[PDB]
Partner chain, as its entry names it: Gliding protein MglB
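The form solved without its partner chain is given below as one chain in C-alpha cells.
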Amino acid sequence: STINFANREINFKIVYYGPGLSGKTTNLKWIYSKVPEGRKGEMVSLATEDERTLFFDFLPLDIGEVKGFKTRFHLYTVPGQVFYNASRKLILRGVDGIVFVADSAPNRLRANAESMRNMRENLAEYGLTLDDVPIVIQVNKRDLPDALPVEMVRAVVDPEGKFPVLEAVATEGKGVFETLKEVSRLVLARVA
C-alpha cells in the first residue's frame, strides 16, 4: 500500500488520537480547509449509532519528489466520545506517525492519561511500543481560562519527556500546521 507505482505516490498514514472532544476533528478540518482543491480527495466520515471514524488524504506541497514520486498523507481519527475500543484499535492499522491531541481543561486531565494508556495498549496489539512510532503531543486549547500548564498535561501523557510537545488553539489554527510539520519530519526521517 505505501508505494503506489501506478500513480507514482508514497502514502503515509498519520493518526490523530486523544480523548473524546479534545480537538482532533477540528485539527482535521483546519488542515483540510487549507489544502487546494487539486491536492486533496474527499473527507470521509463513518458512523454507526455507537462508533465513528474520519479521514481524508492529500498531497502536502511542502514535500519533494523522489524518482518522480510525490508523497501523499492520509490523516485519520476517531472523533467524539468513544463507547467501544474497536475503532480506536482499527484506526491504528498501518500507522506511520501519531499526533496525540491532549485537552487543556482541568477536568479532562484523567481522560488524557486514560487515552494514552489505551493507545499504548492498542499499539501493543500490533507488536508496537511507544518507541516504535513517531509520536507528537499537541496540548490543545491553550486559550481556555482555567487551562492547566503545559507541563502538567505533559506530565501525565509523557512523564519521561520522550516526545516533541506543542501548544495549540485548534479552533483558530494555532499550532495545527506546526504539529503536522513536526510529525511529518519524524516520519520522513525514518525513511532516510
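We call the rigid core whatever largest set of C-alpha positions still superposes within 1.5 Å between the two forms. Residue numbers count along the first chain shown, from 1.
The next section is about a form of this same protein that is not shown, the form solved in complex with its partner chain.
Contact with its partner chain in the bound PDB entry, judged as any non-hydrogen atom within 4.5 angstroms, is confined among 165 to 173, 21 to 29, 8 to 16, 180 to 188 to 8 to 16. Contact with its partner chain in the bound PDB entry, judged by any heavy atom within 4.5 Å, is made by just one of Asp50, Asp143, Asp132, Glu151: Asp50. When its partner chain is considered in the bound PDB entry, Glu37 lies well away from it, no heavy atom lying within 4.5 Å. Within this chain, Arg93 lines the site of its partner chain in the bound PDB entry, having a heavy atom no more than 4.5 Å away. Its partner chain in the bound PDB entry is approached by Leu54, whose closest heavy atom lies within 4.5 angstroms of it. Remark: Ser87 counts among the residues lining its partner chain in the bound PDB entry, judged by a heavy atom distance of 4.5 Å or less. Residues from 13 to 47 that approach its partner chain in the bound PDB entry with a non-hydrogen atom closer than or equal to 4.5 Å are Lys13, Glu42, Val44, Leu46, in the order they occur in the chain. Following superposition on the rigid core between the shown form and the other one, the residue from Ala47, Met152, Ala124, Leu144 with a C-alpha displacement of 2 angstroms or more is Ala47, and no other. Core-aligned CA deviation for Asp57 between the shown form and the other one: 2 Å or greater. Shown in the overlay between the shown form and the other one, fitted on the rigid core, is a CA shift at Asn107 smaller than 2 Å. After superposition on the rigid core, the Cα atom of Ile91 is displaced by less than 2 Å between the shown form and the other one. Pairwise change in the bound PDB entry: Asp50 and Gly127 C-alpha atoms lie farther apart than in the shown form, at least 3 Å.
In the bound PDB entry, the Cα positions of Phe55 and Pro164 lie at least 3 Å farther from each other than in the form displayed.
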